[PDB]
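The structure appears right after this line, and notes come after that.
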Amino acid sequence: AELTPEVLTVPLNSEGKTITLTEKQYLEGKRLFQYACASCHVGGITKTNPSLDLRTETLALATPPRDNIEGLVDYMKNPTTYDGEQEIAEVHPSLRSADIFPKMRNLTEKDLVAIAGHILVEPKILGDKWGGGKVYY
Amino acid sequence: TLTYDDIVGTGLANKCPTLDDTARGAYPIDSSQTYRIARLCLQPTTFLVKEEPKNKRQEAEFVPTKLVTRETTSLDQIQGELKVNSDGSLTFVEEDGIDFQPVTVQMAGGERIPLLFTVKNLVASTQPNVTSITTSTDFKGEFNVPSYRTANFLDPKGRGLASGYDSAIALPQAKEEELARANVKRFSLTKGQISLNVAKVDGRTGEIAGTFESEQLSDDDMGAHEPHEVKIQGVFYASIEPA
Amino acid sequence: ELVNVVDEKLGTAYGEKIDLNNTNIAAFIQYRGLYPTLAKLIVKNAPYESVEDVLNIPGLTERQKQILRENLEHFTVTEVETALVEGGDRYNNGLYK
Amino acid sequence: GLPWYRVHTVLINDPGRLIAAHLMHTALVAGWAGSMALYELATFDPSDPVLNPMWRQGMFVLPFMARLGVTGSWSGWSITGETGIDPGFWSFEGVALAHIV
Amino acid sequence: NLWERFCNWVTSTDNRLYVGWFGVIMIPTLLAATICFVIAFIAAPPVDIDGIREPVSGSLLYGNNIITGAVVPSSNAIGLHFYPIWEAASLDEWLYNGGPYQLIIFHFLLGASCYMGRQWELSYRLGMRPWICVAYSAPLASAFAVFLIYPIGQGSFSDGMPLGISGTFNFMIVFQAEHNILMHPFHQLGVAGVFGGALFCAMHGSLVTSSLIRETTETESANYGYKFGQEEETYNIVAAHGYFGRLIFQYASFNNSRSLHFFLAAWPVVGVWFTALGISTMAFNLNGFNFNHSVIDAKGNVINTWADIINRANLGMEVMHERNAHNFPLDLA
Amino acid sequence: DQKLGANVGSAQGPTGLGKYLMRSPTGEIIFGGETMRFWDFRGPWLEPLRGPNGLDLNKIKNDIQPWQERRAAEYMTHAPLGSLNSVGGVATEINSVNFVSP
Amino acid sequence: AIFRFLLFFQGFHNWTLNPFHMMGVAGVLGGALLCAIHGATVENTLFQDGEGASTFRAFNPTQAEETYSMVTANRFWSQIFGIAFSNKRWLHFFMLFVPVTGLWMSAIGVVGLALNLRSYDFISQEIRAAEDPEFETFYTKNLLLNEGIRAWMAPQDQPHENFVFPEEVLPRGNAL
Amino acid sequence: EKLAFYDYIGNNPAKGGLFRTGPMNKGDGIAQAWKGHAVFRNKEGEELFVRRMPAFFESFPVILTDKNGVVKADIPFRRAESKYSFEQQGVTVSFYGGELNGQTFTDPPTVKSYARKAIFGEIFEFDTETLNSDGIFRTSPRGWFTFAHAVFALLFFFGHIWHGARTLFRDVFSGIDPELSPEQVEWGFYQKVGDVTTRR
Ligand code: CLA
Ligand code: CLA
Ligand code: CLA
Ligand code: CLA
Ligand SMILES: CC(C)=CCC/C(C)=C/CC/C(C)=C/CC/C(C)=C\CC/C(C)=C\CC/C(C)=C/CC/C(C)=C/CC/C(C)=C/CC/C(C)=C/CC1=CC(=O)C(C)=C(C)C1=O
Ligand SMILES: CCCCCCCCCCCCCCCC(=O)OC[C@H](CO[C@@H]1O[C@H](CS(=O)(=O)O)[C@@H](O)[C@H](O)[C@H]1O)OC(=O)CCCCCCCCCCCCCCC
Ligand SMILES: CCCCCCCCCCCCCCCC(=O)OC[C@H](COP(=O)(O)OC[C@@H](O)CO)OC(=O)CCCCCCCCCCCCCCC
Ligand SMILES: CC1=C(/C=C/C(C)=C/C=C/C(C)=C/C=C/C=C(C)/C=C/C=C(C)/C=C/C2=C(C)CCCC2(C)C)C(C)(C)CCC1
Ligand code: OEX
Ligand SMILES: [Cl-]
Ligand SMILES: [Cl-]
């Protein structure tokens with residue numbers, strides 16, 4: 001098995017348009033995920049709220065859907081609850097709360113796209129390990 | 001006005017607040033104004049366990065016990081609605097608070113009685129024609145006693161109610177009829193009765209204080225054995241605000 | 001005589017759908033638009049005589065009522081099991097990932 | 001003097017007493033075989049060879065006698081499920097008696 | 001002067017067992033710890049170790065044998081709080097919360113430290129070189145690590161090692177679950193220390209026994225060829241050196257008895273120092289090596305190693321240990 | 001769980017102790033679970049919720065600020081637990097977080 | 001892989017409970033103790049046979065006299081510990097005897113485990129624990145730990161069995 | 001019934017214990033009759049097969065798969081998020097042959113108890129009262145014989161080493177020669193080790 005462009009092909013929007021990430025983009029997304037998110041999102045789970053996770057099905061059932069690149073980038077800019085009824089930027093890292101979350105200060109749009117691409121590609125690589133918790137370790 | 005650093009380690013945090021000795025007033029109650037218990041504290045001072053005689057008919061009196069779980073027994077921060085009924089009786093319905101404490105008391109002979117000292121979902125009313133809370137007001141009421149262990153508790157062999165094994169796995173071929181009492185955990189919700197006797201009133205600040213006696217059952221170990229009847233005696237304090 | 005009530009509840013419709021009176025709130029994650037606001041309202045206002053009484057929760061908006069109508073077929077109502085709802089297990093039943 | 005773990009070294013240059021010690025050991029082993037067979041015969045239940053065979057009953061020396069051809073008892077039963085079998089002298093009891101003698 | 005006579009008696013080398021000033025502290029503390037241990041191991045009521053009102057019975061009278069019996073560590077509700085008898089309202093409360101464990105371990109640790117000091121003291125009174133106490137510092141450091149330092153780092157004496165055989169095994173298994181001690185280099189150095197200590201003990205014993213000079217006949221024990229206090233060496237050091245130098249090669253063999261016995265002292269003592277330090281450093285949660293999901297294929301699939309199998313075993317222990325005591329996802333202490 | 005509508009004062013854990021709030025042996029209202037051993041902890045993010053009798057239910061219900069929630073989440077996910085090769089978390093954690101506390 | 005072997009024997013065989021392994025542990029730890037204590041005792045009862053402050057040069061291999069004082073060592077350990085060796089030959093045979101006997105006992109236990117003849121459980125404790133849900137010992141807790149080891153380790157440790165344990169059948173405690 | 005009795009893990013000699021003494025019957029009772037073959041079906045009528053217990057496992061979960069190996073039912077440990085419970089899947093058990101021939105059970109406690117028996121292979125009725133059986137497996141005389149003779153063979157390896165050593169080293173049994181030459185054990189003097197005639 002290799003990191004083929006079919007593996008690195010992920011939804012871009014909710015309409016159905018797709019994008020293909022480069023391996024450098026995927027590796028930079030993994031590095032930035034480990035830098036800014038993995039302390040609470042290691043393995044695709046959420047440490048401080050285990051009932052939600054970063055599985056593609058869970059992101060797809062979110063409001064608005066977060067199973068594409070644009071939805072995940074929008075979440076990184078303006079995070080909300082799962083039903084999209086309240087904004088949670090004061091307790092979740094974001095660009096709009098980069099003053100209280102300093103690790104989000106130097107994140108560019110390309111960094112956000114790479115992080116979103118890593119989040120979307122990791123289940124396709126790891127199977128049930130992504131978001132599975134310690135059962136699948 | 002004692003800070004936390006004046007209180008920690010001393011045991012005063014388990015004590016209910018006391019009213020002054022020169023305070024035996026009356027707190028007036030308008031039948032239109034709604035009232036609340038902003039703070040109900042219950043500090044138990046004595047646990048009595050009903051003995052189980054061998055014969056079917058005997059005295060069956062309560063015996064004293066020794067507390068072994070230290071100063072972890074008081075219920076505090078209990079809030080509720082104090083409504084006035086059409087008969088003039090005052091009904092207290094609790095909503096939330098630290099309304100339960102697990103307590104283990106040791107009977108003579110070394111046997112330990114665990115119990116969930118609680119006033120969970122207490123509804124307590126007075127006699128009719130109470131227009132002012134005096135030192136003769138009594139609150140008689142009932143509460144729910146849930147199971148001492150909740151449904152996720154695992155016994156030493158890994159059996160439980162909502163989780164765990166359903167059989168004795170270390171005896172894979174033993175007969176299961178004799179072990180059905182230990183294999184099948186049961187959740188019990190019993191009823192308790194409590195009487196709160198008002199002894200001191202502060203008509204200015206709305207505070208009342210007095211003594212309580214409650215009756216409930218002890219832990220049954222998820223239905224493994226029969227519970228013991230426990231009477232709890234102590235003092236109480238209640239802050240009555242106009243809502 | 002001695003029966004495990006949780007397994008008996010799994011035998012009912014509690015084991016197939018979301019019971020409005022018994023199920024832990026995290027199960028409301030598995031449908032769109034229920035968690036956490038509508039789920040909090042549903043768990044707060046339980047018990048329910050029937051499923052469609054979830055539309056009569058006080059303070060519901062038109063959007064939330066439409067969301068509940070779209071998930072009406074995913075709900076059941078059974079008798080309130082004491083072991084499932086005591087100890088605050090409808091908000092935290094001790095199960096995480 | 002001799003340590004305890006060397007007491008039997010007095011037999012090393014005494015062939016007659018070494019033969020006597022070997023004879024005593026052989027007598028002990030044969031007596032064990034006879035008495036073990038007698039104990040097993042006292043405890044064995046031969047009624048159901050299908051679901052209660054000898055290996056379910058902790059029988060240790062009975063299968064060896066059965067292996068070389070001793071299958072019957074003077075009490076009339078056999079391990080193979082037959083009854084009133086007439087096993088002659090060489091039953092389990094006869095083998096045990098021969099070992100004791 | 002009564003004080004001069006008492007000082008002469010305390011420091012006297014003519015006593016059958018030397019006391020000394022370290023022994024003046026050591027005898028009452030170790031007597032108290034021993035008496036309380038025997039009484040608690042036979043007759044203590046069950047102890048709520050995890051602080052969750054789930055008492056664990058460890059005494060013989062409450063249904064234990066020698067293997068399963070233990071003095072159960074004090075309650076998790078107590079934590080690191082000092083819990084003497086007079087802090088409890090009654091003896092029943094003190095026994096319920098595991099007070100005997102704190103009494104025994106505090107008296108034992110003080111008495112064993114004074115045992116080390118007493119070893120120095122007697123070596124000084126006899127004109128000996130003083131470093132036997134340094135060798136004894138390795139098991140003493142181990143006892144301090146499992147009874148004091150690990151509770152301090154974890155924040156509760158409930159996480160100290162129970163005073164029993166099966167309680168010790170429980171301590172080992174939960175420790176591997178939480179810290180992966182097998183993958184810690186200090187524990188590996190400790191295993192090298194104890195395996196090498198057993199190896200070099202068997203080696204030195206067999207090499208000295210092999211080269212014993214013939215002093216007795218074939219009937220008697222060879223041990224009667226040595227007389228206590230004799231001046232000559234009872235074995236041929238050169239013959240043992242020749243054997244062991246032909247067994248491997250000449251320069252892997254000690255021809256110096258003093259260097260050999262220093263090596264015999266030094267190898268297990270340094271190894272046990274390192275494993276005691278491993279227990280203490282894991283008490284501050286600096287755990288053994290974590291190689292979970294270290295080997296990754298070209299696509300990104302996890303290729304398991306033996307470390308992943310160890311991780312599966314550790315996960316089983318982790319999710320089953322103290323099965324009712326955890327309310328939250330992370331076992332932070 | 002309080003944001004989800006739970007009553008944290010009356011919530012009962014598996015053993016019958018309070019899931020979130022219990023009493024220390026001297027009566028103080030403290031956090032439940034295994035962290036009952038750590039009830040002597042004092043920190044600037046926790047002291048605004050402490051009253052004379054320990055943790056106060058009303059200030060828990062009404063006076064928890066977003067900076068305190070941020071601080072609690074950050075300190076929970078940077079616990080001083082890690083491996084010798086600097087893998088953050090418990091010994092059973094996978095290799096993604098490079099953290100050992102100073 | 002050897003660490004996996006250790007954890008396998010704990011989870012499946014309860015090898016710590018085995019008395020033959022206990023004798024092996026006693027032999028190995030006693031051998032390490034004897035090694036350390038004999039080396040330290042010899043090094044600290046040395047005779048002064050030179051003027052160097054480092055004493056290793058004060059030994060010549062062809063010398064006839066003992067390099068350390070057996071009498072002083074005997075008196076030291078008689079007053080510290082109560083008992084002491086007085087026979088050097090018996091001391092060194094004992095140093096041979098302890099770890100060798102321990103290793104042989106552990107080998108016997110491993111033969112028993114080859115036939116799955118384990119010291120897994122005490123039957124009296126298990127009958128009591130089955131009938132009494134309040135009876136807990138450290139041994140019963142160890143049995144629960146063994147159940148966890150087996151269930152969580154077996155699908156990957158024994159891939160030929162094709163174990164598919166769903167998440168709901170895995171024994172877990174609360175939370176965690 | 002004999003053939004079915006062989007297909008039962010209580011007759012496996014690798015299932016006993018070192019100090020679980022006595023006959024195999026004292027383990028699990030005296031076998032009385034075969035209950036017959038248990039066939040498990042879910043509520044859609046598909047046959048389910050109980051995963052048998054290997055000899056390594058003192059305890060084993062109950063897992064029911066179809067013919068293609070896909071897990072279809074189980075007895076869950078945690079029941080809050082159970083999906084494959086016997087109650088959810090409508091698992092029933094029927095018996096063919098034996099005592100329970102033609103009998104079908106639908107009550108989930110009964111079906112679960114029969115599945116817990118079915119992990120041991122064939123299901124049998126036992127008399128646990130005659131010998132006061134504890135319900136804990138014991139090994140056969142095959143296992144006890146193999147254990148005793150493997151242990152004895154190991155100890156006799158030590159005996160062979162000891163007596164061969166005493167045979168070949170009889171002249172030095174009480175000690176080595178007091179006047180052993182220091183130029184007989186040093187390197188360089190002889191050419192062949194321990195041979196005086198090859199001295200340089
Ligand atoms: C007339 C002599 C005689 C006879 C016919 C029997 C007959 C019997 N004995 Mg017995 N026995 C005897 C004497 C005898 N015994 C003596 C003297 C002793 C005391 C030592 C015993 C001790 C004894 C015990 C302890 C037991 C029996 C048992 C038995 C029964 C099964 C035998 C079996 O499986 O053997 C198996 C025999 C062998 C496998 C022989 C092994 C031979 C080895 C391989 C020889 C190797 C060395 C050889 C010299 C190598 C060179 C060979 C060369 C040809 C190249 C059987 C009824 C068993 C029984 O059922 O008890 C009730 C049992 O447990 N016997
Ligand atoms: C206090 C802790 C402790 C101690 C002291 C021991 C002690 C022991 N355990 Mg043990 N154990 C423990 C805890 C402990 N255990 C726990 C908690 C568990 C989990 C249940 C186990 C599980 C366990 C298992 C599973 C086994 C042991 C075994 C043993 C024995 C090992 C003997 C040995 O040296 O084998 C080492 C190996 C040998 C001596 C064989 C010869 C090796 C040759 C000579 C090496 C040649 C090297 C050569 C020069 C090449 C080198 C190359 C180089 C590059 C490496 C010993 C008695 C083993 C046993 O009982 O054996 C019978 C065993 O199988 N233990
Ligand atoms: C080769 C030897 C051997 C074998 C394989 C068997 C096999 C059997 N016997 Mg048997 N038996 C034998 C010899 C043997 N026997 C002898 C010599 C006698 C006379 C004493 C008996 C007397 C006897 C009776 C009376 C009974 C049996 C029974 C049984 C059955 C049950 C086994 C059991 O409970 O074991 C249990 C085994 C153990 C608990 C193992 C003992 C472990 C020891 C104690 C280890 C010692 C360690 C040591 C002290 C370490 C020292 C260290 C030091 C050197 C440093 C089984 C078929 C029973 C049965 O079912 O019969 C119907 C029964 O009632 N046997
Ligand atoms: C055919 C087997 C056989 C025979 C004839 C001998 C014969 C002898 N051995 Mg030997 N040995 C054997 C097997 C055998 N051994 C095995 C298998 C081992 C390994 C364990 C040894 C290990 C051994 C050592 C280490 C030594 C001897 C010594 C001796 C000599 C003196 C024995 C003595 O006085 O003991 C007297 C014994 C006692 C008074 C009590 C022993 C009780 C034991 C420990 C426990 C109970 C055993 C039990 C009754 C046996 C049951 C039967 C069993 C075989 C199944 C003698 C020539 C000694 C020697 O060479 O002297 C110069 C010596 O030092 N043997
Ligand atoms: C009822 C109640 C209260 C119960 C108490 C609770 C409790 C749990 C107790 C039970 C304990 C128990 C079950 C123990 C089990 C032990 C166990 C596993 C069994 C033993 C195993 C065994 C039979 C075989 C293993 C192999 C073997 C032979 C081991 C022996 C180990 C052993 C004794 C080693 C020696 C240890 C030791 C301290 C030696 C000191 C030697 C010494 C005095 C040296 C001094 C010295 C050194 C010199 O260098 C010189 C020169 C001189 C001159 C000199 O003097
Ligand atoms: C449960 C609560 C109740 C507990 C009860 C405890 C009460 C203790 C009462 C003690 C009464 C005296 C008995 C001891 C006598 C004795 O030992 O004789 C030996 C000599 C006798 O006195 C020596 O001998 C001479 C006296 S005589 O002439 O021989 O009478 C004298 O000349 C010499 O100076 C003197 O040193 O004593 C000595 O050698 C010096 C004192 C050493 C005694 C220390 C005690 C051991 C402590 C070990 C701690 C751990 C133990 C754990 C168990 C393994
Ligand atoms: C602080 C006060 C110190 C005193 C504390 C108590 C110390 C007791 C030490 C043991 C005394 C009994 C020794 C008998 C044997 C005896 O008297 O031995 C005395 C013996 C003397 O040896 P010799 O060289 O004089 O022997 C001559 C030879 O020819 C032998 O034949 O010493 C040894 O062999 C030492 C090695 C044995 C190791 C024994 C120590 C074992 C520790 C205890 C184990 C307990 C397990 C169960 C506990 C419940
Ligand atoms: C403890 C045990 C053991 C051991 C055991 C043994 C070693 C035993 C032995 C046993 C034996 C060793 C037995 C024997 C017996 C014998 C007998 C019982 C005999 C008898 C005889 C008789 C009775 C005879 C008689 C007579 C005479 C004298 C002459 C004429 C003829 C007649 C016949 C009359 C072992 C280690 C294995 C294991 C564990 C347990
Ligand atoms: O106490 Mn004894 O072990 Ca140290 O981790 Mn947390 O706490 Mn409990 O769990 Mn895991
Ligand atoms: Cl545990
Ligand atoms: Cl917790």
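Identifiers for the structure tokens are assigned positionally: chains receive A, B, ... in sequence, residues are indexed from 1 per chain, and ligands are indexed from 1 in the order shown.
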request  = Identify, with DSSP run on backbone atoms, the residues in chain F assigned to helix (DSSP H, G or I), and express the list as a list in words.
outcome  =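 Taking chain F and keeping helix (DSSP H, G or I) only, one gets residues 34, 35, 36, 37, 38, 47, 48, 49, 57, 58, 59, 60, 61, 62, 66, 67, 68, 69, 70, 71, 72, 73, 74, 75 and 76 of chain F.
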Once you have the residues from the selection above, write them out as a short mmCIF file (atom, residue, chain, number, x, y, z; two decimals), in the first residue's frame, restricted to N, CA, C and O atoms.
data_model
loop_
_atom_site.label_atom_id
_atom_site.label_comp_id
_atom_site.auth_asym_id
_atom_site.auth_seq_id
_atom_site.Cartn_x
_atom_site.Cartn_y
_atom_site.Cartn_z
N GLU F 34 -11.33 9.64 41.86
CA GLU F 34 -10.00 9.40 42.42
C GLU F 34 -9.32 10.69 42.86
O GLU F 34 -8.55 10.69 43.84
N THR F 35 -9.65 11.81 42.23
CA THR F 35 -9.11 13.11 42.61
C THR F 35 -9.59 13.57 43.99
O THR F 35 -9.18 14.65 44.43
N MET F 36 -10.38 12.76 44.70
CA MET F 36 -10.60 12.97 46.13
C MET F 36 -9.28 12.97 46.90
O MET F 36 -9.19 13.59 47.96
N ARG F 37 -8.24 12.30 46.38
CA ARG F 37 -6.95 12.34 47.04
C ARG F 37 -6.28 13.71 46.92
O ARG F 37 -5.39 14.02 47.71
N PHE F 38 -6.70 14.54 45.97
CA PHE F 38 -6.04 15.80 45.66
C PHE F 38 -6.86 17.01 46.08
O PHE F 38 -6.75 18.08 45.48
N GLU F 47 -9.87 28.63 43.04
CA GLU F 47 -10.30 29.37 44.23
C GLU F 47 -11.52 30.28 44.06
O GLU F 47 -12.21 30.49 45.07
N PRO F 48 -11.84 30.86 42.89
CA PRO F 48 -13.12 31.60 42.77
C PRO F 48 -14.36 30.76 43.01
O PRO F 48 -15.43 31.33 43.28
N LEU F 49 -14.29 29.44 42.89
CA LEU F 49 -15.44 28.58 43.12
C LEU F 49 -15.51 28.03 44.53
O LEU F 49 -16.43 27.27 44.84
N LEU F 57 -21.87 25.07 45.53
CA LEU F 57 -22.74 24.62 44.45
C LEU F 57 -23.27 25.78 43.61
O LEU F 57 -23.39 25.66 42.39
N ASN F 58 -23.60 26.90 44.26
CA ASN F 58 -24.16 28.04 43.52
C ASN F 58 -23.12 28.69 42.62
O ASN F 58 -23.43 29.05 41.47
N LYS F 59 -21.90 28.86 43.11
CA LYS F 59 -20.84 29.41 42.27
C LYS F 59 -20.41 28.42 41.19
O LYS F 59 -19.93 28.83 40.13
N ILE F 60 -20.58 27.12 41.45
CA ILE F 60 -20.38 26.12 40.40
C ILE F 60 -21.45 26.26 39.32
O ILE F 60 -21.15 26.20 38.12
N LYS F 61 -22.70 26.48 39.73
CA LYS F 61 -23.80 26.57 38.78
C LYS F 61 -23.77 27.86 37.97
O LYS F 61 -24.21 27.87 36.82
N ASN F 62 -23.29 28.96 38.55
CA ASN F 62 -23.49 30.27 37.96
C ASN F 62 -22.23 31.07 37.70
O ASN F 62 -22.29 32.03 36.92
N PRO F 66 -15.52 31.43 31.16
CA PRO F 66 -14.85 30.71 30.06
C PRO F 66 -13.35 30.54 30.23
O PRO F 66 -12.80 29.54 29.75
N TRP F 67 -12.65 31.48 30.87
CA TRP F 67 -11.22 31.31 31.07
C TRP F 67 -10.92 30.16 32.02
O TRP F 67 -9.91 29.47 31.86
N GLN F 68 -11.80 29.92 33.00
CA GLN F 68 -11.62 28.79 33.89
C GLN F 68 -11.84 27.47 33.17
O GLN F 68 -11.12 26.49 33.41
N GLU F 69 -12.83 27.41 32.27
CA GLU F 69 -13.05 26.21 31.47
C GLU F 69 -11.88 25.94 30.54
O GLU F 69 -11.44 24.79 30.39
N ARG F 70 -11.34 27.01 29.93
CA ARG F 70 -10.15 26.88 29.10
C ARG F 70 -8.96 26.36 29.90
O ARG F 70 -8.24 25.47 29.45
N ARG F 71 -8.75 26.92 31.09
CA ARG F 71 -7.63 26.53 31.93
C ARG F 71 -7.77 25.08 32.39
O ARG F 71 -6.78 24.34 32.41
N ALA F 72 -8.98 24.67 32.75
CA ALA F 72 -9.21 23.30 33.17
C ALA F 72 -8.96 22.32 32.03
O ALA F 72 -8.34 21.27 32.24
N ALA F 73 -9.43 22.64 30.82
CA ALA F 73 -9.19 21.76 29.68
C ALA F 73 -7.70 21.67 29.35
O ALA F 73 -7.17 20.58 29.10
N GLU F 74 -7.01 22.82 29.36
CA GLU F 74 -5.59 22.85 29.06
C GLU F 74 -4.77 22.08 30.09
O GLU F 74 -3.85 21.34 29.73
N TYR F 75 -5.11 22.23 31.37
CA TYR F 75 -4.36 21.53 32.40
C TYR F 75 -4.70 20.05 32.45
O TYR F 75 -3.85 19.23 32.82
N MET F 76 -5.94 19.68 32.10
CA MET F 76 -6.29 18.27 31.99
C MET F 76 -5.52 17.59 30.87
O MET F 76 -5.07 16.46 31.02
#
Ligand 8: which residues are within 12 Å, counting only C-alpha atoms and all ligand atoms? Reply as a compact mmCIF listing (two decimals) with N, CA and C atoms, in the first residue's frame.
# COMPACT_ATOMS: atom_id res chain seq x y z
N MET D 24 14.22 -54.45 48.47
CA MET D 24 13.28 -53.68 49.28
C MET D 24 12.56 -52.62 48.46
N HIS D 25 13.29 -51.93 47.57
CA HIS D 25 12.66 -50.95 46.70
C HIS D 25 11.65 -51.61 45.76
N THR D 26 12.01 -52.76 45.20
CA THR D 26 11.10 -53.50 44.33
C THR D 26 9.86 -53.96 45.09
N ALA D 27 10.04 -54.40 46.33
CA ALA D 27 8.92 -54.79 47.18
C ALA D 27 7.99 -53.61 47.44
N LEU D 28 8.57 -52.43 47.70
CA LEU D 28 7.77 -51.24 47.92
C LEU D 28 6.99 -50.84 46.67
N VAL D 29 7.63 -50.92 45.50
CA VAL D 29 6.95 -50.54 44.26
C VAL D 29 5.83 -51.53 43.93
N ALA D 30 6.09 -52.83 44.08
CA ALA D 30 5.05 -53.83 43.82
C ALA D 30 3.89 -53.70 44.81
N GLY D 31 4.20 -53.43 46.08
CA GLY D 31 3.15 -53.21 47.05
C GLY D 31 2.35 -51.95 46.77
N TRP D 32 3.01 -50.90 46.27
CA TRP D 32 2.28 -49.73 45.82
C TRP D 32 1.33 -50.08 44.69
N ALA D 33 1.80 -50.86 43.72
CA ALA D 33 0.95 -51.23 42.59
C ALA D 33 -0.28 -52.01 43.04
N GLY D 34 -0.07 -52.99 43.93
CA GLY D 34 -1.19 -53.76 44.44
C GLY D 34 -2.17 -52.94 45.25
N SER D 35 -1.66 -52.10 46.16
CA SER D 35 -2.54 -51.32 47.02
C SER D 35 -3.25 -50.22 46.24
N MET D 36 -2.58 -49.64 45.25
CA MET D 36 -3.21 -48.65 44.39
C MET D 36 -4.32 -49.27 43.56
N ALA D 37 -4.10 -50.49 43.05
CA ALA D 37 -5.15 -51.19 42.33
C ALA D 37 -6.33 -51.51 43.25
N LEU D 38 -6.05 -51.90 44.49
CA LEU D 38 -7.12 -52.19 45.45
C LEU D 38 -7.92 -50.95 45.79
N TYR D 39 -7.25 -49.82 46.00
CA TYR D 39 -7.94 -48.56 46.28
C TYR D 39 -8.80 -48.13 45.10
N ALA D 96 -3.87 -57.35 41.51
CA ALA D 96 -3.51 -56.67 42.75
C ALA D 96 -3.01 -57.66 43.80
N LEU D 97 -3.67 -58.82 43.91
CA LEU D 97 -3.24 -59.86 44.84
C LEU D 97 -1.87 -60.40 44.48
N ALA D 98 -1.61 -60.62 43.19
CA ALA D 98 -0.31 -61.09 42.75
C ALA D 98 0.78 -60.09 43.10
N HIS D 99 0.50 -58.80 42.96
CA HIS D 99 1.49 -57.79 43.31
C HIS D 99 1.73 -57.71 44.81
N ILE D 100 0.68 -57.87 45.63
CA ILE D 100 0.87 -57.87 47.08
C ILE D 100 1.70 -59.07 47.53
N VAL D 101 1.40 -60.26 46.98
CA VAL D 101 2.16 -61.46 47.34
C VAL D 101 3.60 -61.35 46.88
N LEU H 18 -3.14 -27.34 39.02
CA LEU H 18 -2.11 -28.06 39.76
C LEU H 18 -2.63 -28.58 41.10
N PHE H 19 -3.44 -27.78 41.78
CA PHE H 19 -3.97 -28.16 43.09
C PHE H 19 -5.48 -28.37 43.07
N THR H 21 -7.53 -31.07 42.95
CA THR H 21 -7.26 -32.48 43.14
C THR H 21 -8.48 -33.33 42.83
N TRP H 144 -2.10 -35.87 34.35
CA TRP H 144 -1.32 -36.14 35.56
C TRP H 144 -0.11 -37.01 35.28
N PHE H 145 -0.27 -38.03 34.42
CA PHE H 145 0.85 -38.87 34.03
C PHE H 145 1.92 -38.05 33.32
N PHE H 147 2.50 -34.85 33.46
CA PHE H 147 3.12 -33.91 34.39
C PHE H 147 4.14 -34.60 35.27
N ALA H 148 3.74 -35.70 35.91
CA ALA H 148 4.64 -36.41 36.81
C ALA H 148 5.88 -36.89 36.07
N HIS H 149 5.71 -37.42 34.86
CA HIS H 149 6.86 -38.00 34.18
C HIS H 149 7.75 -36.95 33.53
N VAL H 151 8.25 -33.91 34.91
CA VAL H 151 8.96 -33.39 36.07
C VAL H 151 10.04 -34.37 36.52
N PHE H 152 9.70 -35.66 36.58
CA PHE H 152 10.67 -36.67 36.97
C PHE H 152 11.81 -36.78 35.97
Environment of ligand 7 within 9 Å, counting only C-alpha atoms and all ligand atoms, reported as a PyMOL selection string = (chain E and resi 17-19+23+26-27+30+115+221-224+228) or (chain G and resi 74+78-91+94)
